[PDB]
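Undergrad: Provided herewith is a single structure, encoded as structure tokens, for subsequent inquiry.
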Amino acid sequence: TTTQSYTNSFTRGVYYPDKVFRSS
Amino acid sequence: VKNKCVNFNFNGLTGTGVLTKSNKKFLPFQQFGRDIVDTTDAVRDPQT
Ligand SMILES: *[C@@H]1O[C@H](CO)[C@@H](O)[C@H](O)[C@H]1NC(C)=O
């Protein structure tokens, strides 16, 4: 079986949108 | 050819300028470069 408990995400799950190097 | 103003067509990216070595930290998936002004700055060499 499984459960469906809910939690918070906070600041999480951000991916590089493109393959373009950037700095500062 | 580096350190000499040339026309480049890197992987179809056309343009003109001067190219040379760099000390960036391109991630393996990174392929391009830019600035806060969104202008192509650095190009990873396809065959190097
Ligand atoms: C490009 O291909 C040639 C011939 O297969 C090979 O000798 C060379 O190492 C390759 N370079 C890269 C960066 O894959």
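Labeling convention for the structure tokens: chains A, B, ... as they appear, residues from 1 per chain, ligands from 1 in order of appearance.
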Could you list the protein, DNA and RNA residues that have any atom within 9 Å of ligand 1, counting only C-alpha atoms and all ligand atoms, and write them as a list in words?
TA: residues 45, 46, 47 and 48 of chain B
Undergrad: Please determine the contact residues of chain B with respect to chain A at a cut-off of 8 Å, counting only C-alpha atoms, and supply them as a PyMOL selection string.
TA: chain B and resi 26+29-35+42
Undergrad: Can I get the selected residues back with N, CA, C and O atoms, as a CSV table (one decimal), in the first residue's frame?
TA:
```csv
chain,number,residue,atom,x,y,z
B,26,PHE,N,32.0,26.2,-17.3
B,26,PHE,CA,30.9,25.6,-18.1
B,26,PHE,C,30.5,24.3,-17.5
B,26,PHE,O,31.3,23.3,-17.5
B,29,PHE,N,26.5,20.4,-19.5
B,29,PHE,CA,25.3,20.6,-20.4
B,29,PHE,C,25.4,22.1,-21.0
B,29,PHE,O,24.7,22.3,-22.0
B,30,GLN,N,26.1,23.0,-20.4
B,30,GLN,CA,26.2,24.3,-20.9
B,30,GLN,C,26.8,24.3,-22.3
B,30,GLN,O,27.7,23.5,-22.6
B,31,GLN,N,26.4,25.2,-23.1
B,31,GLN,CA,26.9,25.2,-24.5
B,31,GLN,C,27.2,26.7,-25.0
B,31,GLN,O,28.0,26.8,-25.9
B,32,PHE,N,26.5,27.6,-24.3
B,32,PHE,CA,26.6,29.0,-24.8
B,32,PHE,C,27.1,29.9,-23.6
B,32,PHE,O,27.2,29.5,-22.5
B,33,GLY,N,27.3,31.2,-23.9
B,33,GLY,CA,27.5,32.2,-22.9
B,33,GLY,C,26.8,33.4,-23.2
B,33,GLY,O,26.3,33.7,-24.3
B,34,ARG,N,26.6,34.3,-22.2
B,34,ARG,CA,25.8,35.5,-22.4
B,34,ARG,C,26.2,36.5,-21.2
B,34,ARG,O,27.1,36.2,-20.4
B,35,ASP,N,25.4,37.6,-21.1
B,35,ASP,CA,25.6,38.5,-20.1
B,35,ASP,C,24.2,39.0,-19.7
B,35,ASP,O,23.2,38.6,-20.4
B,42,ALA,N,30.3,33.5,-24.8
B,42,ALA,CA,31.2,32.4,-24.9
B,42,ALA,C,30.6,31.3,-25.6
B,42,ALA,O,29.4,31.0,-25.4
```
Undergrad: Would you list, as a PyMOL selection string, the residues of chain B that end up in strand (DSSP E or B) under DSSP run on this structure's backbone?
TA: chain B and resi 6-10+13-17+32-33+43
